[PDB]
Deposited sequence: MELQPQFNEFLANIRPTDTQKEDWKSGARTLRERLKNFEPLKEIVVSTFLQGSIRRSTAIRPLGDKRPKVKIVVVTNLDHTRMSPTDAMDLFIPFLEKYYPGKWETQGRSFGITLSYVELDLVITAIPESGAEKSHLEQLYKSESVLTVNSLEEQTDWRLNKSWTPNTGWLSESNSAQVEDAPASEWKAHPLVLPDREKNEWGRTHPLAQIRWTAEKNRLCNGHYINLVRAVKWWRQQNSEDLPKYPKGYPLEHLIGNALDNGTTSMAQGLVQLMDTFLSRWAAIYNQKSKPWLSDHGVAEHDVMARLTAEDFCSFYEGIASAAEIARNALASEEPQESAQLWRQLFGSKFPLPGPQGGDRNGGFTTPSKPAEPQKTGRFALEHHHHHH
């Protein structure tokens, strides 16, 4: 059966606790307030906004004592053609030493701030556009739509529009073709990322799937976490979320039907790629030219495909079972101890 109440309880059990939520909310608010009132950066920092699976409501709670990774984007007005990423990041060392001495480090393209209950991951970005387009983008990044600390799940009325207040999405000509530039992973060069586009696409897909998309992402992340020793190291994180969003059809009815449908569509759609021992090329919702599966290997994708085949057999039988305890036993075989029984 579908067992929708049990699925709701499982989702509530795999969400980050309200404690951790308030923790990263307070951390982000404090960092933003300190950045806004820092004199040497008052002419540089355009905005500071939350991103990642936390804001997109696609994050699962950490294990053990592990801190929740809080991803923060710092939008500046620097010229990326005349400054390397290391210059932009060096601009922020005084702020860190003043407000987080002994707590901050450089993790390649990000700043890692180890706080008491959370870890703040700060990426330093810039706006490639100039003139009126740059001013309009700065106005958008300083709007309440971007500066919100609540996740997508906490406000279904959220849209990507500078006039939104806690109204539809803004037309695509105002944000789609305008990504930020961030530091590259290895090289000291600027790459392109569009987190706002990703968040807006996630919200749209969740609305098209009747609020089941982010929950299905959480469920598949929890499944991958519980069966980690049988599954490949990757995909996990955003590439996994993208695979799930690609596999899921619109108009999702329930958690169980949506899960079975997404697993079936994943299996049938990539069967040719699997038999060719290859990997899909999937366009990023933020930067169209980017392959989300660029760093994923073919062997890992095929191992994940086999794992999805097994999980899909189990989920099909869990959905087909007409006895509640039987369906629940199969759903727990897929999801583990934190799935409740009727």
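*Asks:* Quickly check which stretches of the deposited sequence aren't in the model, judged by C-alpha, and list them in order.
*Replies:* No C-alpha for residues 167 to 178, 355 to 389.
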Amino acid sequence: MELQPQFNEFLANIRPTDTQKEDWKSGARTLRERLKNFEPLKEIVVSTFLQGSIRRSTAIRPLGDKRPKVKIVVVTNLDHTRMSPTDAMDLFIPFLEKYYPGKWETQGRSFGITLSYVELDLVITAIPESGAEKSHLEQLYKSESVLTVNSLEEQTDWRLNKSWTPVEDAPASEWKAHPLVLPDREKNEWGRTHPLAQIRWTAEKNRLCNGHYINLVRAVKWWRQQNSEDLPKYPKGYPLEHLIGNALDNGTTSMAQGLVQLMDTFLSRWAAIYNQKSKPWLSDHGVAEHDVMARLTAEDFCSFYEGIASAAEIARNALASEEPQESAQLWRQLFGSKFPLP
From here on, numbers count along this sequence of modelled residues.
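*Asks:* Once you work out the mean C-alpha B-factor for both 122 to 130 and 154 to 162 from the entry, which is higher?
*Replies:* Stretch with the greater average CA B-factor: 154 to 162.
*Asks:* As stated in the PDB record, which stretch has the larger average Cα B-factor, 92 to 100 or 236 to 244?
*Replies:* Comparing averages over the C-alpha atoms only gives 92 to 100.
*Asks:* Between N37, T58, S303, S278, let me know which has the highest C-alpha B-factor in the entry?
*Replies:* Among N37, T58, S303, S278, the highest C-alpha B-factor in the entry belongs to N37.
*Asks:* In this PDB entry, which of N317, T48, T297, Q51 has the top CA B-factor?
*Replies:* Answer, based on the entry's C-alpha B-factors: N317.
*Asks:* Sorting by Cα B-factor within the chain, modelled residues only, which third would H285 end up in: lowest, middle or highest?
*Replies:* Answer is lowest: the recorded C-alpha B-factor places it there.
*Asks:* Split the chain's modelled residues into thirds by Cα B-factor; is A312 in the lowest, middle or highest one?
*Replies:* Middle third by C-alpha B-factor.
*Asks:* Please place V292 in the lowest, middle or highest third of its chain according to the CA B-factor in the PDB entry.
*Replies:* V292: CA B-factor falls in the lowest third of its chain.
*Asks:* Looking at the temperature factor on the CA atom of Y117, which third of the chain's modelled residues does it land in?
*Replies:* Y117: CA B-factor falls in the highest third of its chain.
*Asks:* Can you tell me which third, lowest, middle or highest, the CA B-factor of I44 falls into for its chain?
*Replies:* Its C-alpha B-factor, which the entry lists for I44, ranks in the lowest third among residues of this chain.
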